[PDB]
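In structure tokens, one chain follows: the form deposited in one PDB entry.
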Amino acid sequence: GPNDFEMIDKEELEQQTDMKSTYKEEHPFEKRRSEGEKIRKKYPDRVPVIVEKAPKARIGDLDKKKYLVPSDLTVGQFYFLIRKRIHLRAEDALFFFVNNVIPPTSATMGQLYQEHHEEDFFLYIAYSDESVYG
């Protein structure tokens, strides 16, 4: 409601410790929100995901950071598809982080997007060789 009070709640301060994103640094919020809003409108069966390396990760690079992922793929299948894009062995460690936390491997990409997408309509994922974002 335009004339209703907006509650400011302590948990918003979690954003003080959000994961680093060069993507966010290079692109202003309004352009990001524009593109993610347009792409969610255009591929509603898919979610847009920015996949970036964690600051101290010792792990092979990824060419593209922007992915349109079917919303019914699990996180585990996404591990496989990113691993295949990085060209990692099955044994090479690969960890995802959403809001600094390893997401459930059973979870769907659509459920992660619904719960953790940002106000620019993008889901941000960091990847590392280690199990702690750092």
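All residue numbers refer to positions in the sequence shown, first residue = 1.
Return whichever of 63 to 71 and 27 to 35 has the greater mean Cα B factor according to the PDB record.
Per the deposited B-factors, the answer is 27 to 35.
Please compare 83 to 91 with 46 to 54 and name the stretch with the higher mean C-alpha B-factor in the deposited structure.
On average, C-alpha B-factors are higher across 83 to 91.
Position of residue 9 among the chain's modelled residues by C-alpha B-factor, lowest, middle or highest third:
Within its chain, residue 9 is a highest-third residue by C-alpha B-factor, going by the deposited values.
Grab the CA temperature factor for residue 112 from the record and place it in the lowest, middle or highest third of its chain.
Residue 112: CA B-factor falls in the highest third of its chain.
Just so it is clear, the following notes concern the form deposited with a partner chain bound, a form of the same protein that is not shown.
With heavy atoms only and a cut-off of 4.5 Å, decide whether residue 46 touches its partner chain in the deposited bound form.
Yes - in the deposited bound form, heavy atoms of residue 46 and its partner chain come within 4.5 Å of each other.
Indicate whether its partner chain has at least one heavy atom within 4.5 Å of a heavy atom of residue 55 in the deposited bound form.
Taking the distances in the deposited bound form, the answer for residue 55 is no, it never comes within 4.5 Å of its partner chain.
Residue 60: heavy atom within 4.5 Å of its partner chain in the deposited bound form?
Although its partner chain is absent here, residue 60 would stay clear of it in the deposited bound form, with no heavy atoms inside 4.5 Å.
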